[PDB]
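Trainee: Structure file work_13.pdb (PDB, C-alpha atoms) is given on the next line.
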ATOM      1  CA  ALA A   1     -22.902 128.962  -3.466
ATOM      2  CA  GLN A   2     -19.886 127.351  -1.784
ATOM      3  CA  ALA A   3     -21.585 123.947  -1.928
ATOM      4  CA  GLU A   4     -22.126 124.369  -5.679
ATOM      5  CA  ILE A   5     -18.483 125.354  -6.194
ATOM      6  CA  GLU A   6     -17.278 122.337  -4.203
ATOM      7  CA  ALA A   7     -19.487 120.015  -6.250
ATOM      8  CA  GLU A   8     -18.111 121.555  -9.457
ATOM      9  CA  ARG A   9     -14.550 121.000  -8.214
ATOM     10  CA  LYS A  10     -15.310 117.353  -7.429
ATOM     11  CA  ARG A  11     -16.977 116.804 -10.820
ATOM     12  CA  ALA A  12     -14.155 118.392 -12.822
ATOM     13  CA  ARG A  13     -11.485 116.515 -10.886
ATOM     14  CA  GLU A  14     -13.254 113.220 -11.646
ATOM     15  CA  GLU A  15     -13.652 114.208 -15.323
ATOM     16  CA  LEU A  16      -9.944 114.929 -15.762
ATOM     17  CA  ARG A  17      -9.033 111.800 -13.790
ATOM     18  CA  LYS A  18     -11.056 109.706 -16.239
ATOM     19  CA  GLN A  19      -9.446 111.399 -19.263
ATOM     20  CA  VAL A  20      -5.920 110.642 -18.005
ATOM     21  CA  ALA A  21      -7.009 107.126 -17.086
ATOM     22  CA  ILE A  22      -8.061 106.619 -20.712
ATOM     23  CA  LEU A  23      -4.622 107.802 -21.825
ATOM     24  CA  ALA A  24      -2.782 105.548 -19.362
ATOM     25  CA  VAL A  25      -4.645 102.367 -20.290
ATOM     26  CA  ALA A  26      -4.205 103.006 -24.025
ATOM     27  CA  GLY A  27      -0.472 103.402 -23.465
ATOM     28  CA  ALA A  28      -0.483 100.117 -21.545
ATOM     29  CA  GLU A  29      -2.168  98.380 -24.498
ATOM     30  CA  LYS A  30       0.518  99.607 -26.896
ATOM     31  CA  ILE A  31       3.201  98.521 -24.415
ATOM     32  CA  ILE A  32       1.730  95.004 -24.360
ATOM     33  CA  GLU A  33       1.864  94.966 -28.152
ATOM     34  CA  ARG A  34       5.518  96.097 -28.014
ATOM     35  CA  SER A  35       6.516  93.474 -25.400
ATOM     36  CA  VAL A  36       4.422  90.262 -25.558
ATOM     37  CA  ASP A  37       5.837  87.065 -27.070
ATOM     38  CA  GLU A  38       5.447  83.287 -27.052
ATOM     39  CA  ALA A  39       7.386  82.765 -23.819
ATOM     40  CA  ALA A  40       5.160  85.275 -22.028
ATOM     41  CA  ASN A  41       2.121  83.652 -23.657
ATOM     42  CA  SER A  42       3.123  80.245 -22.266
ATOM     43  CA  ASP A  43       3.841  81.737 -18.823
ATOM     44  CA  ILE A  44       0.351  83.256 -18.794
ATOM     45  CA  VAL A  45      -1.173  79.972 -19.982
ATOM     46  CA  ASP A  46       0.575  78.015 -17.221
ATOM     47  CA  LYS A  47      -0.717  80.468 -14.642
ATOM     48  CA  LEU A  48      -4.225  80.080 -16.131
ATOM     49  CA  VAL A  49      -4.583  76.322 -16.751
ATOM     50  CA  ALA A  50      -4.056  75.548 -13.076
ATOM     51  CA  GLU A  51      -7.802  76.252 -12.760
TER      52      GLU A  51
ATOM     53  CA  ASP B   1     -75.618 162.777  27.719
ATOM     54  CA  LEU B   2     -75.524 159.212  29.076
ATOM     55  CA  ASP B   3     -76.200 157.779  25.612
ATOM     56  CA  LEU B   4     -73.876 160.337  24.014
ATOM     57  CA  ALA B   5     -71.132 159.144  26.381
ATOM     58  CA  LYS B   6     -71.880 155.540  25.378
ATOM     59  CA  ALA B   7     -71.509 156.485  21.711
ATOM     60  CA  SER B   8     -68.336 158.480  22.408
ATOM     61  CA  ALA B   9     -66.733 155.544  24.230
ATOM     62  CA  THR B  10     -67.547 153.108  21.418
ATOM     63  CA  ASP B  11     -66.324 155.547  18.755
ATOM     64  CA  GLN B  12     -63.076 156.191  20.637
ATOM     65  CA  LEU B  13     -62.457 152.445  20.980
ATOM     66  CA  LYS B  14     -62.940 151.867  17.255
ATOM     67  CA  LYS B  15     -60.846 154.908  16.297
ATOM     68  CA  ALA B  16     -57.956 153.707  18.463
ATOM     69  CA  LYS B  17     -58.194 150.221  16.962
ATOM     70  CA  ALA B  18     -58.117 151.595  13.401
ATOM     71  CA  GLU B  19     -55.108 153.756  14.287
ATOM     72  CA  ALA B  20     -53.369 150.576  15.458
ATOM     73  CA  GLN B  21     -54.448 148.929  12.194
ATOM     74  CA  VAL B  22     -52.660 151.501  10.031
ATOM     75  CA  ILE B  23     -49.416 150.795  11.924
ATOM     76  CA  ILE B  24     -49.848 147.053  11.368
ATOM     77  CA  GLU B  25     -50.433 147.411   7.622
ATOM     78  CA  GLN B  26     -47.502 149.814   7.200
ATOM     79  CA  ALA B  27     -45.290 147.286   8.999
ATOM     80  CA  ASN B  28     -46.418 144.543   6.603
ATOM     81  CA  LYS B  29     -45.480 146.731   3.624
ATOM     82  CA  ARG B  30     -42.059 147.434   5.155
ATOM     83  CA  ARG B  31     -41.411 143.730   5.772
ATOM     84  CA  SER B  32     -42.133 142.895   2.137
ATOM     85  CA  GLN B  33     -39.824 145.707   0.991
ATOM     86  CA  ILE B  34     -36.856 144.712   3.157
ATOM     87  CA  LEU B  35     -37.205 141.006   2.341
ATOM     88  CA  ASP B  36     -37.158 141.806  -1.381
ATOM     89  CA  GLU B  37     -34.050 143.976  -0.961
ATOM     90  CA  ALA B  38     -32.180 141.301   1.001
ATOM     91  CA  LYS B  39     -33.115 138.624  -1.539
ATOM     92  CA  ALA B  40     -31.761 140.752  -4.390
ATOM     93  CA  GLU B  41     -28.525 141.479  -2.505
ATOM     94  CA  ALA B  42     -27.819 137.831  -1.671
ATOM     95  CA  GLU B  43     -28.784 136.600  -5.150
ATOM     96  CA  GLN B  44     -26.458 138.991  -6.990
ATOM     97  CA  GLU B  45     -23.661 138.023  -4.600
ATOM     98  CA  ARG B  46     -24.320 134.355  -5.432
ATOM     99  CA  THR B  47     -24.010 135.038  -9.153
ATOM    100  CA  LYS B  48     -20.726 136.925  -9.001
ATOM    101  CA  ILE B  49     -19.036 134.710  -6.391
ATOM    102  CA  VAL B  50     -19.788 131.455  -8.234
ATOM    103  CA  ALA B  51     -18.712 132.941 -11.573
ATOM    104  CA  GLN B  52     -15.337 134.085 -10.225
TER     105      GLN B  52
END
Can the structure in the file be given as structure tokens, please?
Mentor:
Amino acid sequence: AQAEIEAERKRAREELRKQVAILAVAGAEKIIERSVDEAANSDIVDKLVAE
Amino acid sequence: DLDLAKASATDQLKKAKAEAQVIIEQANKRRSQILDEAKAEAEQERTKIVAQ
């Protein structure tokens, strides 16, 4: 019984962690949309085109 | 009387063995009963503890 309860705790904690992770990454996407511009685009390109 | 004593000895042996047998079978019945009771007790405890 205690093993089953511990497994349920672990499962639910992972489930809620994944929900809030979804929320966080979606917020990050909107932040990128609200902040990116040509200067940042060129900075990213110059970090990329080295390889 | 010699043969009657032979028969009496054999009969007494078998009677004693059967009287041991009844004890053995009663003990088997009791074991089944107590195991069933303990299983029910533990199982109901499982249900209520995990629910709460």
Trainee: To one decimal place in Å, what is the distance between atom CA of residue 43 of chain B and atom CA of residue 4 of chain A?
Mentor: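 These atoms are spaced 13.9 Å apart.
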Trainee: So how far away is atom CA of residue 30 of chain B from atom CA of residue 13 of chain B, in Å?
Mentor: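 According to the coordinates, atom CA of residue 13 of chain B and atom CA of residue 30 of chain B are separated by 26.3 Å.
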Trainee: Ranking B:3, B:46, B:52, B:29 by minimum distance to chain A and counting all atoms listed in the file, which one comes first?
Mentor: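 Looking at the shortest contact to chain A, the residue is B:46.
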Trainee: Taking the file above as input, evaluate the PyMOL selection byres ((chain B) within 10 of (chain A)) and report the hits as a ChimeraX atom specification.
Mentor: /B:43,45-51
Trainee: Emit as JSON the padded axis-aligned box for all listed atoms of segment 18-22 of chain B, 8 Å per side, with centre and edge lengths in Å to one decimal.
Mentor:
{"center_x": -55.4, "center_y": 151.3, "center_z": 12.7, "size_x": 21.5, "size_y": 20.8, "size_z": 21.4}
Trainee: Quick check, in Å to one decimal: how far apart do atom CA of residue 32 of chain A and atom CA of residue 15 of chain A lie?
Mentor: 26.2 Å
